[PDB]
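Shown below, as structure tokens, is a lone chain in the form deposited in one PDB entry; questions about how it binds or moves come after it.
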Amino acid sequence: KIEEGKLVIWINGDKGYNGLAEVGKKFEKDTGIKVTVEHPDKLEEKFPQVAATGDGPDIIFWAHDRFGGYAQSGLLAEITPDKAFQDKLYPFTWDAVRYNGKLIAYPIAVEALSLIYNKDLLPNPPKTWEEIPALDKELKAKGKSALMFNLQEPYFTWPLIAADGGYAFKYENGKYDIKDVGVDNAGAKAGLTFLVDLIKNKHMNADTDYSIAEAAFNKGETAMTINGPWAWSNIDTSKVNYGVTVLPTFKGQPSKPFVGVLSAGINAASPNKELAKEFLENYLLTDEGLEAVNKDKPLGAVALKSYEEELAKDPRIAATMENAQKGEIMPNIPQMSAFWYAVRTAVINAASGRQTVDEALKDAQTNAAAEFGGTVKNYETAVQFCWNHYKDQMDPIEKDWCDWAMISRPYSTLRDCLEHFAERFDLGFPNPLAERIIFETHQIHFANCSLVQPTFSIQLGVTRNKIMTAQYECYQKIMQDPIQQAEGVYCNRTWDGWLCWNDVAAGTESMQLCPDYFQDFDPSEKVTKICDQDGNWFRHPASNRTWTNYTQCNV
């Protein structure tokens, strides 16, 4: 239950929460109502989980893109500002929080990514992405790098991916057709290729995250980064001589950041909706409230016209809005959660070399579409979707079901799909439903094959082929040999994701050599797996998932 007579507010950890707490202080002075500001990790995910049970904060801040999904889930109160109040904010900021014709949140501020550069290293920053390699080469000669930014969140890579023609959905005539998706298209491929080539050529590192990029920039090690207005405070503290400017072009077209409007929604389960409204309209959305938050971490271009006017001469804000005009306002529709998850997965897979750029985008769009059109809304529907595609691939090739060359790609894609959706729905992998599905293929497709091992009669890459061949062998072996012939309590034979483990007696630590799947695995080091005193494979207590110890493979 949410407690009545106070306000709990959630906001992300990169924003000015200390400044927002000072606004809370003013509210409590006047009204006696205590305002607590929190910044949980993964709050955009945590909000719908706790609010679904009628719990959570009274007020949730995020960019507007997540809010339609929240509204669809019944988690948000419709807000009711009057005409006089609406007039105090820019019409286009209201449009960002308008979903099915209703206002679902209060708009706070317009955010867009810019190119941030170190004037002491690079007084004339590059106008194009194409000149960044040669520039990095020069800088590396001096112990510096050209560019570091957060590669882990697709927000930061989308500007490049969109530049030459990637898009989420197109807003035409007031509507979004969620069947027309621009993730798997030539322009997205060109921009993602360019990003991947930067990594291949060691101009960037696939592991770079927010904290690493911020620290490299703020220490003077990298001449450029990509970030939003919230980041300028820490730069100021570091005393780097920086400029904020237009993002580089790609193939002669602007980088297109996805523009967010920091927004504040009211939990449908709050017993304090009136207090929340008062706080938001009469304390936060005033020149004085917004100043308090902005002084802590810059907001960007605020939605309140009076304060936006006061700050409009900041060249950093001007740069922010020039980038915003080149990009596109994010949709607020429910499909955004799946869109972002898709782009994240594509980028991670392509940047690591796990998939080609073409395969990464193609799979990302396929699995996103499954959610966008409502076919897949949970793991049970996901598994049905993965199986149905697999069946469609296997049915016409029946005479070749025992030929690894014909079935390897369908079988690998089956696992990619089952595992994608497990991660998506916060489940482990392997898991019992996915295992049931894999056993089913062994039963209906592979039962006439003479061998436990896969055998022959585009193909998978080296690593994937090694993993999938081992997987197939493992399931076939379980099918062959269900029985335990010895007396006693035994863990059963099992596939852990990477390796097959024989049945063993309760209270055994089984050992095998590290698999030769990865260039950074030592195939002379050991993998261990514990079969507990009750005959159950050990589960890691941090996750409660059955867990093999690969920690020594990698050292």
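Position 1 is the first residue in the sequence shown; the rest follow in order. Rigid core (definition): largest C-alpha set, two forms, superposition within 1.5 Å.
Coordinates are given for every residue of the deposited sequence from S450 through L451, so that no gap is recorded there. In this entry, the higher average B-factor at the C-alpha atoms falls on 540-548, of the pair 540-548 and 12-20. Per the PDB record, of the two stretches 441-449 and 84-92, 84-92 carries the greater mean B-factor over its C-alpha atoms.
Note on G182, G353, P430, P396: the highest value goes to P396, judged by CA B factor as recorded. Of the residues listed, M511, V489, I60, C500, the entry assigns the biggest Cα temperature factor to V489. Among the modelled residues of its chain, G68 has a C-alpha B-factor that falls in the lowest third according to the deposited record. Compared with the other modelled residues of the chain, the Cα B-factor recorded for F425 ranks in the middle third. Compared with the other modelled residues of the chain, the Cα B-factor recorded for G327 ranks in the middle third. Split the chain's modelled residues into thirds by C-alpha temperature factor. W230 is in the middle one. In the deposited entry, the Cα temperature factor of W401 sits in the bottom third of values across the chain's modelled residues.
What comes next is about the form deposited in another entry, which does not appear here.
Core-based superposition between the shown form and the other one shows that, of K102, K295, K88, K137, only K137 has its Cα displaced by 2 Å or more. Superposition of the core reveals a Cα shift of 2 Å or more for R539 between the shown form and the other one. Annotation: Cα of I60 displaced by less than 2 Å between the shown form and the other one, core superposition. For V35, a C-alpha deviation below 2 angstroms is recorded between the shown form and the other one after rigid-core alignment.
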